[PDB]
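Participant: Provided herewith is a single structure, encoded as structure tokens, for subsequent inquiry.
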DNA sequence: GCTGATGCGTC
DNA sequence: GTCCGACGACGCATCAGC
DNA sequence: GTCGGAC
Ligand SMILES: *P(=O)(O)OC[C@H]1O[C@@H](n2cnc3c(N)ncnc32)[C@H](O)[C@@H]1O
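Residue numbers (PDB author numbering): 9 to 55, 59 to 113, 124 to 344, 360 to 473, 476 to 492, 496 to 603.
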């Protein structure tokens, strides 16, 4: 194998040459120099071949390391680890410079310059093996061995080789060249293949010959693909960006992005960046937080499947999602049995997705898709979504295919525009409530502002806001206020709360109530509230226990804000 | 059993 | 307009010391 | 995820 015959110092030399290079091309040139040399050596050495550039690549692009588990080490633990071995003074200057560095690599390089041995004898593979050892020992929760392995690494290397090793352990090289540049240099199809593998060794083994190339590249089973993303659409321009044809509107979830590979009783789960969570959601119907519950959800004719969706936390008590059990909400299928669905239209994918399994509420579901045409519908969807305490809405082309790691390209996400100023902090009082349509708690609150006192007494309603119970602090707030709600009588209202056209279902006297910090996009004129204005896209950012009920912002503050 | 420190991967 | 590299929040995990 | 700089 090649990695056994190549000194780590040469790699470090290349990395140094790349780092100190000013322009995009020189960097590319030095890399090319190294890579070409490596390939030549490979050709010479091997004359069945599993060997490839991977042992180098994984060091060159350590952020793409997958096979090796986490090191369990960052700058501080490394400083703590290093200071012990060299036996530096505990309180000494060097140790102090290490300890608080705020470029840890460089600072560590200058400290080890006089201390380190003349120079290192280790190859790339040895380094790989020792790093493997560290990761493994970390996974096994034994530090005593980690110390040993790292010590072996330190003893056999030059200062420069370790500044690089450190930067490989931190998994940031700071070369000044993007990974796609590296990939473009290595092979023309490298990026394309990495996007549907997220396996550096796969990429390095398959594409080894720069002249040769792959035929059909696409989603595989048990191979992590970089999920398709959504660009931010801009406001009014939407109608033109959807092709003017019919389009899907669906809800914008805050879960985590998770894709599920299934064969029979065997399962694999991958995250956004291609990390394997299978230990969590489980590899089999007998283990994990998810798979056991969803195993019988699938239809009998389903053998092999690939799904992409948003993993959510579902409260069985309240029948809602909390930003208690793990729930997998699935918006796409890239594979079913012997058929690869990746190239089929979104419509077809939804059509198939509906048929592969039966929803289990709170365990596994299908995202709701609202077919739409007109901008007004999008607007309505946004404004309605915010009262559910969503973050926005999603809009998609029914005819668009799945394009891994492509932001935009048929997927759009709409959020409201929020100012970075005080329009994101308005501390205002809950003076009212409405009941949800289940719906056994307050769905929305009615919120108000006060007038400048010589406590206050009279309040003027400002805006409604969706109170739906999606975080604990909302339910707790709900519970705390139960005893204090009173039925609102339109013919005989309370004098403490002055209301416009909009009247609540129940009120609460301000002294028993709570201040909420509400962000909003902006203040607009309204005939429905006493202030004569309301909040566009209001949401509750925080509940305030640091503020008493009398601390509510006045009409003067609001007038100042508008 | 508790708690602050430190790592890891996410949106 | 595009790429892309610093940012910060969160939840969750261990674990040393009390 | 968002931001803001270099092209
Ligand atoms: P916001 O910009 O905070 O979130 C956007 C990302 O959320 C994920 N996502 C949520 N809901 C969906 C749906 N329905 N389809 C696809 N992706 C979804 C994506 O990762 C967004 O980029």
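Cβ atoms here follow ideal geometry from the backbone N, Cα and C, with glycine treated the same way.
Please classify residue 398: does DSSP put it in a helix, a strand, or coil?
Facilitator: As a position in the first chain, residue 398 is number 362, starting the count at 1. Looking at residue 398 - three-state DSSP - the assignment turns out to be coil, as it is neither helix nor strand.
Participant: Which residue wins for smallest C-alpha separation from residue 162, given the options 81, 128, 107?
Facilitator: For the purposes of this step, residue 162 is identified with residue 141 of the first chain, where counting begins at 1. Taking only the C-alpha atoms, the option nearest residue 162 is 81.
Participant: Reducing DSSP to helix, strand and coil, say where residue 271 ends up.
Facilitator: Within the first chain, the letter at position 250 stands for residue 271. Strand at residue 271.
Participant: Give me, in chain order, the residues of the same chain whose beta-carbon lies closer than 8 Å to that of residue 337; leave out the 5 immediate sequence neighbours on both sides.
Facilitator: As a working note, residue 337 is residue 316 in the first chain. Once the five neighbours on either side are set aside, the close Cβ partners of residue 337 are 360, 361, 398.
Participant: On a Cα-Cα basis, can you pick out the residue from 593, 480, 211, 432 that is closest to residue 469?
Facilitator: The count along the first chain starts at 1 and reaches residue 469 at position 433. The shortest Cα separation from residue 469 among 593, 480, 211, 432 belongs to 480.
Participant: So what does DSSP say about residue 572, is it helix, strand or coil?
Facilitator: Reading the first chain from its first residue, position 531 is the one you call residue 572. In the structure shown, residue 572 sits in coil (DSSP, three-state: anything other than H, G, I, E or B).
Participant: Applying the 10 Å Cβ sphere with the 16-neighbour rule, what's the burial state of residue 95?
Facilitator: By one-based count along the first chain, residue 95 stands at place 84. Classification for residue 95: exposed.
Participant: When a residue counts only if its C-beta is closer than 7 Å to some heavy atom of ligand 1, which residues count, in chain order?
Facilitator: Those residues are 248, 250, 251, 271, 272, 273, 274, 275, 276, 278, 293, 331, 367, 403, 427, 428, 430, 447, 449, 451, given in chain order.
Participant: Quick test of your reading: residue 444 and residue 433, contact by CB under 8 Å. State the CB separation rounded to the nearest angstrom.
Facilitator: Along the first chain, read from residue 1 onward, the residue named residue 444 stands at position 408. Along the first chain, read from residue 1 onward, the residue named residue 433 stands at position 397. Their Cβ separation, rounded to whole angstroms, is 11 Å, which puts residue 444 and residue 433 out of contact at 8 Å.
Participant: Identify, in the order they occur along the chain, each residue of the same chain with its Cβ nearer than 8 Å to the Cβ of residue 440, setting aside the five sequence neighbours on each side.
Facilitator: Taking the first residue of the first chain as 1, we reach residue 440 at position 404. Around residue 440: 216, 217, 240, 246, 247, 248, 249.
Participant: Let me know if residue 138 comes out buried or exposed under the rule of 16 or more other beta-carbons within 10 Å of its beta-carbon.
Facilitator: Residue numbering aside, residue 138 sits at position 117 when the first chain is read from its first letter. Burial call: exposed.
Participant: Taking three-plus beta-carbon pairs below 8 Å as touching, is the stretch 558 to 567 in contact with the stretch 521 to 540?
Facilitator: Segments in contact, no.
Participant: I'd like to check one pair, residue 431 with residue 414: are the Cβ atoms closer than 8 Å?
Facilitator: Within the first chain, numbered from 1, the residue matching residue 414 stands at position 378. Within the first chain, numbered from 1, the residue matching residue 431 stands at position 395. Against a cut-off of 8 Å, the Cβ pair of residue 431 and residue 414 comes out as a contact.
Participant: Determine the burial state of residue 419: buried for a count of at least 16 other Cβ atoms within 10 Å of its Cβ, exposed for fewer.
Facilitator: Residue 419 sits at position 383 when you count from the first residue of the first chain. By the 10 Å Cβ count, residue 419 comes out exposed.
Participant: So, with DSSP's three-state summary, where would you put residue 238?
Facilitator: Here residue 238 is taken as the residue at index 217 of the first chain, counted from 1. Note: residue 238 maps to coil in three-state DSSP.
Participant: Using alpha carbons as the reference points, say which of 388, 536, 335, 574 lies closest to residue 114.
Facilitator: Residue numbering in the chain jumps from 113 to 124; residue 114, which lies between, is not modelled.
Participant: With DSSP as the reference, identify every bridge partner of residue 545, one or two as the case may be.
Facilitator: As a working note, residue 545 is residue 504 in the first chain. DSSP, once it has assigned bridges, lists no residue as partnering residue 545.
Participant: Among residues of its own chain, excluding the 5 on either side of residue 307, which ones have a beta-carbon nearer than 8 Å to its beta-carbon?
Facilitator: For this step, residue 307 is matched to residue 286 along the first chain. Within the same chain, residue 307 has close Cβ partners 313.
Participant: Would you list, in sequence order, the uninterrupted alpha helix (DSSP H) runs of no fewer than 4 residues that lie entirely inside the stretch 280 to 311?
Facilitator: Runs found: 299 to 302.
Participant: For residue 103 and residue 129, I'd like the C-alpha separation in whole angstroms.
Facilitator: Within the first chain, residue 103 is the residue found at index 92, counting from 1. Within the first chain, residue 129 is the residue found at index 108, counting from 1. Using only the alpha carbons, I get a separation of about 14 Å.
Participant: Are at least three pairs of beta-carbons, each pair with one atom in the stretch 39 to 54 and one in the stretch 176 to 183, less than 8 Å apart?
Facilitator: Too few Cβ pairs lie closer than 8 Å, so no.
Participant: Just reading off the alpha helix (DSSP H) that residue 262 is part of, what are its end residues?
Facilitator: Residue numbering aside, residue 262 sits at position 241 when the first chain is read from its first letter. Start and end: 259 to 262.
Participant: Where does the unbroken alpha helix (DSSP H) through residue 202 begin, and where does it stop?
Facilitator: Numbered from its first residue, the first chain carries residue 202 at position 181. 200 to 207 is the span of the alpha helix (DSSP H), which, as asked, contains residue 202.
Participant: Report the residue from 24, 483, 459 whose alpha carbon sits nearest the alpha carbon of residue 194.
Facilitator: As a position in the first chain, residue 194 is number 173, starting the count at 1. Per the Cα distances, 24.
Participant: Residue range of the beta strand (DSSP E) that residue 88 falls in?
Facilitator: Working through the first chain from its first residue, we reach residue 88 at position 77. Careful: residue 88 lies outside any beta strand (DSSP E), inside the alpha helix (DSSP H) at 86 to 97.
Participant: Between residue 74 and residue 524, what straight-line distance do the alpha-carbon atoms span, to the nearest angstrom?
Facilitator: Here residue 74 corresponds to residue number 63 of the first chain, with the count starting at 1. Here residue 524 corresponds to residue number 483 of the first chain, with the count starting at 1. The straight-line gap from Cα to Cα measures roughly 54 Å.
Participant: Please work out which residues of its chain come closer than 6 Å, Cβ to Cβ, to residue 280, disregarding the five sequence neighbours upstream and downstream, and give them in chain order.
Facilitator: Sequence index remark: in the first chain, residue 280 carries index 259 (1-based). Within the same chain, residue 280 has close Cβ partners 291, 329.
Participant: Within 10 Å of its beta-carbon, does residue 455 have 16 or more other beta-carbons around it, so buried, or fewer, so exposed?
Facilitator: By 1-based counting over the first chain, the position of residue 455 is 419. Exposed: under 16 other Cβ atoms inside 10 Å.
Participant: Name, in chain order, the residues that DSSP records as bridge partners for residue 371.
Facilitator: For the purposes of this step, residue 371 is identified with residue 335 of the first chain, where counting begins at 1. According to DSSP, residue 371 bridges with 327, 376.
Participant: Nearest-angstrom Cα distance between residue 231 and residue 67?
Facilitator: Start at 1 with the first residue of the first chain, and residue 231 comes out as number 210. Start at 1 with the first residue of the first chain, and residue 67 comes out as number 56. Rounded to whole angstroms, residue 231 to residue 67 spans 17 Å at the Cα level.
Participant: Using the three-state DSSP reduction, which class does residue 611 fall into: helix, strand or coil?
Facilitator: For the chain, the structure presents residues 9 to 603; residue 611 sits outside this window and is missing.
Participant: Run the CB neighbour count on residue 5, radius 10 Å, all protein chains shown included, and call it buried at 16 or more, exposed below.
Facilitator: For the chain, the structure presents residues 9 to 603; residue 5 sits outside this window and is missing.
Participant: Within a Cβ cutoff of 7 Å, which residues of the same chain sit near residue 573, ignoring the five residues on either side of it in sequence?
Facilitator: For the purposes of this step, residue 573 is taken as residue 532 along the first chain, with counting starting at 1. Result list for residue 573: 566, 567, in chain order.
Participant: State yes or no: is the C-beta of residue 254 within less than 8 Å of the C-beta of residue 465?
Facilitator: Translated into positions along the first chain, residue 254 becomes position 233. Translated into positions along the first chain, residue 465 becomes position 429. Contact flag unset, no.
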